[PDB]
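These notes are about the structure you will find just below.
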Amino acid sequence: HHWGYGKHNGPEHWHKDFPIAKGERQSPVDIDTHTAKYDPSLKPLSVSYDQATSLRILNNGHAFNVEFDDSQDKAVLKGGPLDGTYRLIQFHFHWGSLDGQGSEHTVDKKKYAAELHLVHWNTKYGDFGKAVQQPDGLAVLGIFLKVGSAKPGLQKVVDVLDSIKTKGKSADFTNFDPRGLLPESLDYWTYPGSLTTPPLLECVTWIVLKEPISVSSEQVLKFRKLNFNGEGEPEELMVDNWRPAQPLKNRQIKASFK
Ligand SMILES: NS(O)(O)c1ccc(-n2cc(COc3ccccc3)nn2)cc1
Ligand SMILES: [Zn+2]
């Protein structure tokens, strides 16, 4: 009886195995745009993905991860609220069964169709496993998806999903350029939070871009054909793999923009 996104194992049950689920800096949160304060001391984000080396795509039973070679400073995130250098390890998405839900963060209570998470770890801690034990161990760049025009840079991801339909399946996924998933603007909100799945560790500086990317209905429909289950098991579509907004508690969300 493992955690997931069903009625008997979903987000409202996670606290039983992971008591930090009710902690002081849990994610995601609702971003109240009128309460978020412009912080003129925040720097522009530095997203340096030109040397990114993608390796593999994996259905882990909760989402799919596009994994990168993080054994050198290839693809890194710096600046903004961050001190030091954060190395890209993987990206994944959360999405809904319908276009009106799917994102983890919300903006004035608005839910987007999906949310992209580019996960980075602070290189002062040496490895990802050590980084997640630190309050400034990870930086996750979150990007909202809305349904409209297709995102050309997403299609290579979409087209490999048939080969990783079920939990535990992976496929080679080299030479994928994550720069093709970014919006035009790097304006962002930032706050201290957590992993949004178990183990829910409070180790993340969240950087959530204001500008969503547009993906087509056909692209998101292919996300929704994935399976939570393993091969040869009863089919359960991988949809609604998002955690709802958690209490903000003693936190302030800062904006990089006026
Ligand atoms: N959705 S998210 O907040 O971007 C998010 C990002 C990453 C994770 N996540 C969970 C795990 C699995 O937990 C680990 C704990 C210690 C060392 C290694 C792995 N590894 N990564 C969970 C959620
Ligand atoms: Zn995520």
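Straight run, no breaks: the sequence shown in full-length UniProt numbering ends on number 260. Don't be surprised by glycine CBs; every beta carbon is placed ideally from N, CA and C.
Per DSSP, reduced to three states, the secondary structure at residue 210 is strand. Shown here, residue 196 sits in coil according to DSSP, grouped into three states, outside any helix or strand.
The beta-carbon distance between residue 231 and residue 169, rounded to whole angstroms, is 6 Å. This is short enough to meet the 8 Å contact definition. For the 9 Å CB-CB criterion, residue 116 and residue 140 do not form a contact. One thing to note: residue 107 has its Cβ within 9 Å of the Cβ of residue 210. In terms of Cα proximity to residue 142, the closest of 186, 197 and 114 is 197.
Looking at the DSSP output, residue 146 shares a beta bridge with 117. Three or more beta-carbon pairs separated by less than 8 Å link the stretch 79–91 to the stretch 189–209, which places the two stretches in contact. Restricting attention to 167, 199 and 12, the CA atom closest to the CA of residue 119 is found in 199. The C-beta of residue 40 has fewer than 16 other C-beta atoms within 10 Å across all chains shown, which makes the residue exposed. Following the DSSP letters along the chain, one finds residue 219 inside the alpha helix (DSSP H) bounded by residues 219–225. Pairing residue 28 with residue 201 gives a Cβ-Cβ distance that is not under 9 Å.
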